[PDB]
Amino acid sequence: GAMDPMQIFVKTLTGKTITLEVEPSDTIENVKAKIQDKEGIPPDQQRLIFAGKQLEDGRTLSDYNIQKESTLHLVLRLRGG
């Protein structure tokens, strides 16, 4: 169900795997928020990718068909001047 809790996994560039408690109705915004709680990274620096596809803040995990035990990839935005 849309409000039922599940785990997803976030892989970082540092080799680390975050475990998150999410609901399919959570937005990508929400997920990024949870990643700040756990990893101290501000949401606006985070780039979440599923299998090569970048994930939009306003859409939900349900929208993307991301289901329990799924693996996301996290990278930070680059800083070139």
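Start at 1 and count along the sequence shown; that's the residue number.
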Open item on the list: Quick check for you: using the entry's CA B-factors within this chain, is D26 in the lowest, middle or highest third?
Closed with: highest
TODO: Sort the modelled residues of this chain by their C-alpha B factor and say whether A2 lands in the lowest, middle or highest third.
DONE: highest
Task: Lowest, middle or highest third - CA B-factor, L72 - done: middle
Open item on the list: When the deposited Cα B-factors of this chain's modelled residues are ordered and cut into thirds, is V10 in the lowest, the middle or the highest one?
Closed with: lowest
